[PDB]
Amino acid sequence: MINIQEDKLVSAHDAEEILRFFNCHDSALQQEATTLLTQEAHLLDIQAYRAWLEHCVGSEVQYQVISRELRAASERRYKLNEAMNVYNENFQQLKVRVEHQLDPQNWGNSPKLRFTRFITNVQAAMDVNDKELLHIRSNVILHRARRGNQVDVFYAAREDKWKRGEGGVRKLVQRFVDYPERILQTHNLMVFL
């Protein structure tokens, strides 16, 4: 579909990702993906982090959120690290973050935080080579309220890979987010997108 020499603002990665969804439309896969994501978001919104790990997250997961340095659209010489990892977590590292959330001496969690997640624009396609691997794209608005008058709203597109694991349950094996805001105005990014 996309020629990136003509569509000059489109990255090679973005053009690759779109081809994956335009071709095969599978209406029931879109519906399975919607259910999966709605249930994940429900668990996260009620802060059932252990349940999220147990039911939504695969043992081989890579959970990654990057922040890309601002560079010239015309930049061709400067070749140093383009991005940093806000998150780049394996299952054990996610478990550490979950323990931190549940610890009774996490003072920042009292009074209890309030999360509301809005998941939209779900697209789903099976991978062409690994027929057990489901590609899911979705957008999230995440609202976090705490301590009377603190309100932070996060906005992101998520590129996921999900795979059937134990009990035949589809679990997240990769999440990739390129966070759109370079300087965060939300105090921190301490939320599971």
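Each residue number is its position in the shown sequence, starting from 1. Rigid core: the largest C-alpha set superposing within 1.5 Å between the two forms.
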>> Can you check whether 59-67 or 160-168 lies farther from the displayed model in 9 other deposited structures of this protein, averaging C-alpha distances as RMS after superposing on the core?
In response: 160-168
> Comparing 162-170 with 32-40, which has the greater mean CA B-factor as deposited?
Replying inline: 162-170
> Quick one: higher average CA temperature factor, 114-122 or 71-79?
Replying inline: 71-79
>> Looking at the temperature factor on the CA atom of residue 137, which third of the chain's modelled residues does it land in?
In response: lowest
> Where does residue 147 sit by CA temperature factor within its chain: lowest, middle or highest third?
Replying inline: middle
> Which third, lowest, middle or highest, does the CA B-factor of residue 157 fall in along this chain?
Replying inline: lowest
> What third of its chain's C-alpha B-factors does residue 128 belong to: lowest, middle or highest?
Replying inline: highest
> residue 177's Cα B-factor: lowest, middle or highest third of the chain?
Replying inline: lowest
